[PDB]
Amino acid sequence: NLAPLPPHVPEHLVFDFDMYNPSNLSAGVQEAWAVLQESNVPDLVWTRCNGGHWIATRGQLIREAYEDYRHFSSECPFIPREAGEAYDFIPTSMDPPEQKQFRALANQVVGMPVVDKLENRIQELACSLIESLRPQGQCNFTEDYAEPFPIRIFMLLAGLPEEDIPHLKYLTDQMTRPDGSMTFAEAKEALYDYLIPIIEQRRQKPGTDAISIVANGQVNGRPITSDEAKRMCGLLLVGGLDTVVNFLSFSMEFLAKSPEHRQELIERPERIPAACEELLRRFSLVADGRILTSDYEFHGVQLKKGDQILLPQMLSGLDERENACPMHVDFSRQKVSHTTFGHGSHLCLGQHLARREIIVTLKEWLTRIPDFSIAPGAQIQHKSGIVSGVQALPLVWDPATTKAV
C-alpha cells in the first residue's frame, strides 16, 4: 500500500521502505534497515509506505535534524501521522523551552541518584533470576529473563502491582510494534484508563513511588495538573516496559553465537563498560521522528510544512562514515559513535538506569553461565517498529558447565 507521491517530491528521491515490515528482516532487523545506507540510496529519501514520509539515512543528517527543533518539531513524533497526532506524552511531544521544565521533573524519578539507590535491588533480582534458571539447562530468554528483569524493577520503582504486567505490556507493544489488533489512539486510551485512577489516589495519599512523585511535582513554579502527570507517567510506562527488554535479547542472541566475545568479557572484566557501549551501537533499536514546522530546504531537498521525517536513531552508529566496519562487533573500538539514546534536547533520561541493567546482566550471567548457545533448529525472528525486538530466544546449555555463585 503506497500513498500517491506528493507534488514536491522528486521521483529519483523515492525509496519505498516500510519501517514496520522491512524487506531483509530475515537477515536481522539492523541489517534490514542498513539497506538504506547502500551506495544506490540518497542521503535523504521519501517512502510511499505508511502514508508517505521522508527518511534521513546518514548520521550527520540525523544529528542535525535532532538539534534543530525550530524546523523539526517533536509535536508529531510517530509515523503514521494518525499515531503521531494521537501522541501526547510529556516531555517527548514538546519542544524547548517548554520541554525543559517537565524534563527536570522526569529526571527526578529516573535520573542517576535513583539508579544509585536501586543498585542493590537490580543486582539482587538479576542474580536471583539467573540462579533459578542455571540448573535447567534451557530457557526462552525473552520471557524468562529479558522481560521480567527490567519490568519488575520498573514496577518496583513505580509502585505498581506485578499482576498488571501482562495487560500493560500488551498495550505498550501495540504502540511501538503495531499488531493491527488496535489503533494507537485506542492503545493510548486504555493505558490512560489504567493510570487515571492511580494518579488520583497518589495525589491524595502520596507515597515515595515515581508516580506519587510525578503526580505531586511542581512545574514552572506551579503544581502539575492531573492531565500533565498522566501524560508523563504514560511515557515512563512505555520506556520502562519496552526498551531495555528488547535490547537485552539482541545482545544475548549475539553473545550466544560468539564464544570469543563471551570469553573476552570473562577474562577481561574491565572491558564490560566498553563492550556495553559497542553493543548499544551495533544493536541500536529505536526509530522515531519529527514534523516540519514550515517549508525548509534541507541539504538541497525541499521539505514542506507538515511533512513528517523519520530520523532513525538506530542508523547513526551503523553509518560507515561514522564507524568503520559497522556490522562488525569490536569491543576495543577506539571510538564508539552512536545516537542510540537519542540526540538533542530529548536525550534519553533513563539511559543511566538502562546501562546499569545491561552491565549487571552481562556480568552476572557470564559469571554463572559462561557457555550457552541458541537451541538447535530454532529460528530467531526480529520485529521492526518504533522500537525493534526479538520474538523469542530459545537458549540451551550444559548445567555441568555452570557455576553456582
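Start at 1 with the first residue shown and count on from there.
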Checklist entry - Which is higher in the entry, the mean Cα B factor of 307-315 or that of 79-87? => result 79-87
Item to check | Higher-scoring stretch by recorded Cα B factor average, 262-270 or 242-250 | outcome: 262-270
Checklist outcome for this item: Based on the PDB entry, the highest CA temperature factor among the options 140, 176, 120, 216 is that of 216
Checklist entry - Between 326, 207, 289, 150, which carries the biggest CA temperature factor in the record? => result 207
Checklist outcome for this item: residue 350: C-alpha B-factor third of its chain, per the entry, is the middle
Item to check | Chain thirds of CA B-factor: placement of residue 70 | outcome: highest
Checklist entry - What third of its chain's C-alpha B-factors does residue 359 belong to: lowest, middle or highest? => result lowest
Next on the checklist: Looking at the temperature factor on the CA atom of residue 42, which third of the chain's modelled residues does it land in?
Outcome noted: middle
Checklist entry - Sorting the chain's CA B-factors, does residue 377 end up in the lowest, middle or highest third? => result highest
